[PDB]
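Below: one structure, written as structure tokens.
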Amino acid sequence: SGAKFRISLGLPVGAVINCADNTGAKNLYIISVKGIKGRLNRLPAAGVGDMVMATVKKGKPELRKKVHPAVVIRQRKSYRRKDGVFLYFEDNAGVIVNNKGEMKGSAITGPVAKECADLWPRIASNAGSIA
Amino acid sequence: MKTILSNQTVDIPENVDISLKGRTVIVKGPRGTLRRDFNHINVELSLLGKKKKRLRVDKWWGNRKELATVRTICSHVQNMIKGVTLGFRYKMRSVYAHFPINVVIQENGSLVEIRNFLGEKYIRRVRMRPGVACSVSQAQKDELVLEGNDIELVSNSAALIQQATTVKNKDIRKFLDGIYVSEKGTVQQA
Amino acid sequence: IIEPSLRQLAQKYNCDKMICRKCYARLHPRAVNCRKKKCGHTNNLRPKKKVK
Amino acid sequence: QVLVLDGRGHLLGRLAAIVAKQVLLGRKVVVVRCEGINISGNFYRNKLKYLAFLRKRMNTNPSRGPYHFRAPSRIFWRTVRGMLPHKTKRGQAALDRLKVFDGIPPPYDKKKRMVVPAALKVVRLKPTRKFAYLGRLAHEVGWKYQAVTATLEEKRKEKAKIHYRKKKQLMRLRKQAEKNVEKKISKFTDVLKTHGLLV
Amino acid sequence: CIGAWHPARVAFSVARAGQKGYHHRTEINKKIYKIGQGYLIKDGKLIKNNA
RNA sequence: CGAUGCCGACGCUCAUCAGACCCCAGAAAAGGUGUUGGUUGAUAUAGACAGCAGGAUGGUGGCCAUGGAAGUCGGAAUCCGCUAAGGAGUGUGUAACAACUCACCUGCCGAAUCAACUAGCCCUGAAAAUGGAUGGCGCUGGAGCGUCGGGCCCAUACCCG
RNA sequence: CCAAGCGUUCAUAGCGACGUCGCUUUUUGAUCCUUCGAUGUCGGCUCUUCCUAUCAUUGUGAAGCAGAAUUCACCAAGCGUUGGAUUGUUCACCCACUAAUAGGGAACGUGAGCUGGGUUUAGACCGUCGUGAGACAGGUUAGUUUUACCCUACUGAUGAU
Ligand SMILES: [Mg+2]
Ligand SMILES: [Mg+2]
Ligand SMILES: [Mg+2]
Ligand SMILES: [Mg+2]
Ligand SMILES: [Mg+2]
Ligand SMILES: [Mg+2]
Ligand SMILES: [Mg+2]
Ligand SMILES: [Mg+2]
Ligand SMILES: [Mg+2]
Ligand SMILES: [Mg+2]
Ligand SMILES: [Mg+2]
Ligand SMILES: [Mg+2]
Ligand SMILES: [Mg+2]
Ligand SMILES: [Mg+2]
Ligand SMILES: [Mg+2]
Ligand SMILES: [Mg+2]
Ligand SMILES: [Zn+2]
């Protein structure tokens with residue numbers, strides 16, 4: 001019921017982020033972002049908690065050469081919260097999901113942003129820690 | 001073609017007194033008074049007789065459109081007589097398949113609240129025209145009774161309620177819910 | 001469910017109508033010409049189709 | 001000196017045609033109550049006419065004209081300007097011989113107003129024809145002082161009513177006085193009747 | 001491009017260089033969070049804890 | 001913008017894209033229960049046209065063709081009796097029953113009514129890019145359209161000098 | 001526009017043959033009126049504006065509209081109509097997001113605004129053609145993008161009556 005607030009977007013289209021699950025994919029290459037209408041010359045951009053469409057550039061062959069739905073769980077660009085805290089992570093990471101938002105893998109490596117965890121309970125249950 | 005003369009007469013009941021201020025018609029009866037101005041029509045109004053009064057409407061040198069206005073005035077004047085003697089009573093039935101339509105009368109019958117129409121959370125509030133009173137019908141369930149002396153005010157009041165409960169973005173041949181005018185009578189049957 | 005008498009009352013206002021073939025205007029059941037200028041008061045009327 | 005006209009019940013273009021010819025002959029004209037002026041045709045088709053005018057604007061700089069005046073007085077003024085050769089000194093001199101007012105401000109409120117029977121709506125229109133009111137039309141295209149002008153026009157009418165009652169009073173005395181002095185003025189009353197002055 | 005060939009003029013709606021800022025502006029719906037009191041000398045003591 | 005500031009004449013037309021003068025500067029088919037005028041044909045004081053009752057059946061569910069159609073769907077035929085009358089049937093309804101309304105008829109009240117065409121004006125048909133042009137303002141008891149009067153305006157034309 | 005048909009039934013919910021009447025100038029033509037003492041020739045980029053023949057959104061009418069989705073029509077151009085791979089491309093096609101991914105004009109808007117990828121000088125290669133010099137709406141590679149301080153318009157800045 002409580003809607004997420006705007007956060008700074010650090011991952012335009014073309015960003016290659018780490019894949020932080022145990023699917024087999026090493027990195028995720030963002031080809032688009034969900035919910036972006038955009039305007040002329042503006043690249044769609046993604047932040048923690050956003051579902052994006054990505055391909056695997058490095059990883060298991062069965063996962064390569066196709067488009068997956070993924071969710072960003074960490075970002076290197078610092079975003080403000082309503083308590084005034086500017087948080088950023090050591091790296092940009094995501095996890096492959098399906099359209100329903102449930103993970104394709106079962107484990108997550110590293111922390112998961114609170115912004116994404118609140119939005120995706122299936123990702124939240126797998127998060128070892130929350131930031 | 002212009003017609004030399006076209007006229008019609010109206011009989012006035014004994015308990016009704018009609019006075020003319022030019023083309024303004026004032027009808028006074030047991031239930032009250034109604035004044036209507038006919039200055040937008042170029043006719044000639046005349047009161048004839050003293051024991052059995054009559055109202056005459058004349059249209060000299062009228063084309064087809066102007067002749068059609070002669071009876072229209074007579075019918076309006078007759079309705080005014082009907083209003084001040086018997087009054088007007090429109091009844092409405094509320095129709096619904098699943099969701100009962102709850103109607104609450106406020107402000108001595110001048111405000112109507114409609115709730116749960118097709119299950120909507122929105123509350124519809126319809127304001128009756130002056131001189132028109134709405135009331136729930138103690139005789140029948142899911143019925144309203146609108147009463148007043150002016151037919152147009154009463155019937156406009158009922159049109160407001162009927163159009164308040166309109167179905168949107170559905171097949172209205174299937175979703176028939178609404179409050180509708182079911183009868184056009186008189187307050188005092190006589 | 002609706003009492004069949006009340007259904008007829010509702011149908012008088014929602015179903016018993018003629019429809020202009022040129023401009024789709026809702027018309028009284030005894031209409032012989034449309035009332036809209038946009039179609040030139042055409043007499044190409046058809047009944048409002050009945051819901052099944 | 002000045003020809004004061006009352007715009008109530010006059011059709012816009014017929015009043016302008018007569019007024020324009022008058023100021024071109026060197027006469028000063030004042031038209032008051034321009035909101036009381038009328039136009040033939042239903043209100044709606046006359047509102048569409050002004051909205052069509054309202055759309056005329058220099059696409060590259062609207063501030064350079066046309067200027068769409070919203071007051072019923074200025075609408076009438078521009079209509080008289082359209083019947084004058086206003087791009088010549090002779091026309092501009094005439095255009096300066098015309099004053100236009102909404103309502104009746106002083107000093108014309110306490111002066112007699114003339115009408116133009118060749119532009120009166122009761123004369124020139126068939127009674128079954130629709131017509132528009134310049135004030136209502138102006139109010140619905142951006143005029144802002146319809147409510148105030150009506151407020152001040154009602155004050156004027158209240159004062160004019162007291163003035164009329166005073167004049168009727170002074171006329172009832174005038175008739176009585178003529179009876180009291182009837183004997184002394186009978187001879188002079190015969191001269192006037194002999195020559196048609198008194199009937 | 002500051003306009004098409006026709007109209008053979010630069011339109012008022014095309015971006016041009018000039019003054020930026022120092023514009024009159026009216027902004028609405030700025031909530032008052034606090035109406036603070038000024039300093040007072042009371043009993044020989046400066047009372048200024050308005051924060 | 002010189003001249004109708006004629007007590008001009010008889011009609012038509014309302015346009016929420018009106019109309020407005022050779023060339024010429026924008027419109028067609030097809031439509032309208034807008035309005036006007038015409039042509040033809042009906043029917044009406046033996047009381048017409050609305051409005052306000054009944055009737056759905058007697059042979060008979062006419063026989064075919066039917067999985068099944070009884071007046072009710074396709075194809076050729078398409079009669080009688082009792083009568084104020086009553087199609088061997090216009091429309092209601094299914095996969096079949098089931099069901100109803102018109103044709104018809106008299107009861108009422110009391111002057112014109114119905115239909116098909118045809119032609120005027122108006123309207124629909126009728127969408128483009130800078131804002132926009134009966135020349136403009138504007139004009140609707142016309143300053144519009146058709147038929148016509150007196151009068152008046154002025155070319156470097158005609159007349160006299 | 002007519003309406004033979006399609007649509008289980010049923011011409012016209014939605015379509016619609018045989019015919020026929022139009023509109024438009026974002027296609028191509030046809031013509032040769034203007035410009036050959038020169039109006040800078042494609043496309044993109046950028047930027048404003050306008051049209052409606054409406055894809056989305058607001059309000060609506062109709063469906064063979066139960067709901068959901070969709071289709072047809074009305075008032076309607078206020079606000080939107082995107083990111084990319086291949087191509088010089090306009091066009092095209094595909095990926096992806098989206099409420100939607102509508103269509104167009106402005107000297108086929110816009111080169112003293114750019115860029116110069118293509119076309120369209122001089123160098124050079126290939127194929128076909130030619131004895132040849134050379135040619136090719138056939139490929140290929142390299143090939144100078146000038147001036148504003150004038151007037152106006154526009155943007156701001158003093159000021160003037
Ligand atoms: Mg771009
Ligand atoms: Mg303003
Ligand atoms: Mg001579
Ligand atoms: Mg068929
Ligand atoms: Mg030539
Ligand atoms: Mg030639
Ligand atoms: Mg030249
Ligand atoms: Mg040039
Ligand atoms: Mg449109
Ligand atoms: Mg639906
Ligand atoms: Mg060009
Ligand atoms: Mg240029
Ligand atoms: Mg250049
Ligand atoms: Mg090149
Ligand atoms: Mg070369
Ligand atoms: Mg050779
Ligand atoms: Zn219609």
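All values below were derived from every heavy atom in this structure, side-chain atoms included, with hydrogens, water molecules and symmetry-related copies excluded. Convention: sequence-line order gives letters A, B, ...; per-chain numbering from 1.
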Checklist outcome for this item: Those residues at least two apart in sequence (or on a different chain) that pass salt bridge (charged side-chain N to carboxylate O under 4.0 Å, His left out) with B/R127 are B/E107
Item to check | Partner set under salt bridge (charged side-chain N to carboxylate O under 4.0 Å, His left out) for B/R125, not counting sequence neighbours | outcome: none
Checklist outcome for this item: Expected list for residues 27-37 of chain A near RNA chain F, using heavy atoms below 4.0 Å, is none
Checklist outcome for this item: ring-ring contact (aromatic ring centres under 6.0 Å, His included) pairs touching residues 3-33 of chain C, sequence neighbours excluded, are B/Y180-C/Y13
Give every pair of a protein N or O atom and an N or O atom of nucleotides 60-69 of chain G that lie under 3.5 Å apart, one pair per line with the distance.
residue	atom	partner	partner atom	Å
G/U60	OP1	B/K168	NZ	2.8
G/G61	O2'	C/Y24	O	2.0
G/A62	OP1	C/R26	NE	3.0
G/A62	OP1	C/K48	NZ	2.9
G/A62	OP2	C/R26	NH2	3.1
G/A62	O3'	C/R46	NH2	3.2
G/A62	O2'	C/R46	NH2	2.8
G/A63	OP1	C/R46	NH1	3.2
G/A63	OP1	C/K49	N	2.8
G/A63	OP2	C/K48	NZ	3.2
G/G64	OP2	B/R173	NH1	2.9
G/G64	OP2	B/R173	NH2	2.6
G/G64	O6	C/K49	NZ	3.2
G/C65	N1	B/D171	OD2	3.4
G/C65	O2	B/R173	NH2	3.1
G/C65	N3	B/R173	NH2	3.4
G/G67	OP1	B/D171	N	2.8
G/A68	OP1	B/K170	NZ	2.9

Checklist entry - Which residue pairs pass the salt bridge (charged side-chain N to carboxylate O under 4.0 Å, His left out) test when at least one of the two sits in residues 50-62 of chain D, sequence neighbours left out? => result none
Next on the checklist: Does the pairing criterion hold for G/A137 and G/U89? That is, Watson-Crick or G-U wobble with both distances under 3.5 Å.
Outcome noted: no
Next on the checklist: Just to confirm a value in my table: F/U33 sugar, north or south, sign of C1'-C2'-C3'-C4'.
Outcome noted: south
Item to check | Summary of ring-ring contact (aromatic ring centres under 6.0 Å, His included) pairs that have at least one residue in residues 31-50 of chain D, sequence neighbours excluded | outcome: D/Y50-D/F53
Next on the checklist: Counting the atoms with a prime plus P, OP1 and OP2 as sugar-phosphate, which does D/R64 contact under 4.0 Å by heavy atoms, base, sugar-phosphate, or nothing?
Outcome noted: sugar-phosphate
Checklist entry - Quick one: are the six-membered base rings of G/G78 and G/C79 within stacking range, meaning centres under 5.5 Å apart and planes under 30 degrees? => result yes
Using nucleotides 16-18 of chain F, report all nitrogen or oxygen pairs with the protein that are shorter than 3.5 Å.
residue	atom	partner	partner atom	Å
F/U16	OP2	D/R45	NH1	2.5
F/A18	OP1	D/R45	NH2	2.7
F/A18	OP2	D/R45	NH1	3.1

Checklist entry - Given the P atoms of G/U119 and G/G84, what is the spacing between them in whole Å? => result 27 Å
Item to check | Ring-ring stack between G/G116 and G/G117, thresholds 5.5 Å and 30° | outcome: no
Checklist entry - Using atom P of each nucleotide, how far apart are G/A77 and G/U54 to the nearest Å? => result 11 Å
Item to check | Sugar-phosphate, base or nothing in reach of C/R30, heavy atoms under 4.0 Å | outcome: nothing
Item to check | Nucleotide forming a Watson-Crick or wobble pair with G/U70, both distances under 3.5 Å | outcome: G/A63
Could you go over nucleotides 32-36 of chain F and give all protein N or O partners under 3.5 Å, atom names and distances?
residue	atom	partner	partner atom	Å
F/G32	OP1	C/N43	ND2	3.1
F/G32	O4'	C/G40	O	2.9
F/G32	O3'	C/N33	ND2	3.3
F/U33	OP1	C/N33	ND2	3.2
F/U33	OP1	C/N43	ND2	3.3
F/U33	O2'	C/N33	OD1	3.3
F/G34	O3'	B/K65	NZ	3.3
F/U35	OP1	B/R64	NH1	3.2
F/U35	OP1	B/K65	NZ	3.3

Checklist entry - What are the two closest heavy atoms between A/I17 and A/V72, and how far apart are they? => result CD1-CG2, 4.4 Å
Checklist entry - With a cut-off of 5.5 Å for ring centres and 30° for planes, do F/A126 and F/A127 stack? => result no
Checklist entry - Using the sign of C1'-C2'-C3'-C4', would you call the sugar of G/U120 north or south? => result south
Next on the checklist: Do the six-membered rings of G/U26 and G/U27 lie with centres under 5.5 Å apart and planes under 30° from parallel?
Outcome noted: no
Checklist outcome for this item: Answer for the Watson-Crick or wobble partner of F/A116, both distances under 3.5 Å, is F/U39
Item to check | Identified pairing partner of F/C102, criterion: Watson-Crick or G-U wobble below 3.5 Å | outcome: F/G87
Checklist entry - What is the pairing partner of G/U52, taking Watson-Crick or G-U wobble pairs with both distances under 3.5 Å in any strand? => result G/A102
Item to check | Torsion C1'-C2'-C3'-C4' of G/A53, interpreted as north if positive, south if negative | outcome: south
Checklist entry - Counting any heavy atom closer than 4.0 Å, what does D/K21 reach on the DNA or RNA strands: base, sugar-phosphate only, or nothing? => result sugar-phosphate
Item to check | Strand-adjacent residues in residues 5-14 of chain E, judged by heavy atoms under 4.0 Å from RNA chain G | outcome: E/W5, E/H6, E/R9, E/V10, E/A11, E/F12, E/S13, E/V14
Checklist entry - Parallel, tilted or perpendicular for D/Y67 and D/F69, by the 30°/60° rule? => result perpendicular
Checklist entry - Which of residues 121-142 of chain D have a heavy atom under 4.0 Å from RNA chain F? => result D/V123, D/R124, D/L125, D/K126, D/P127, D/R129
Checklist entry - Touch check for D/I18, heavy atoms < 4.0 angstrom, all strands: base, sugar-phosphate only, or nothing? => result nothing
Checklist entry - Which part of the nucleic acid, if any, lies within contact of D/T79, taking any heavy atom under 4.0 Å across all strands shown: a base, the sugar-phosphate backbone alone, or nothing? => result sugar-phosphate
Next on the checklist: Stacking check, if you would: do F/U140 and F/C139 have six-membered base rings whose centres lie under 5.5 Å apart and whose planes meet at under 30 degrees?
Outcome noted: no
Next on the checklist: Quick one, G/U110 with G/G37, are they a Watson-Crick or G-U pair at under 3.5 Å for both distances?
Outcome noted: no
Checklist entry - Looking at G/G78, is it paired to G/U48 in the Watson-Crick or G-U wobble sense, both distances under 3.5 Å? => result no
Checklist entry - Base, sugar-phosphate, or nothing: which does D/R55 touch, judged by heavy atoms less than 4.0 Å apart? => result sugar-phosphate
Between side-chain atoms of residues 30-39 of chain C and protein atoms elsewhere (two or more places apart, or another chain), which donor-acceptor pairs fall under 3.5 Å?
residue	atom	partner	partner atom	Å
C/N33	ND2	C/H41	O	3.0

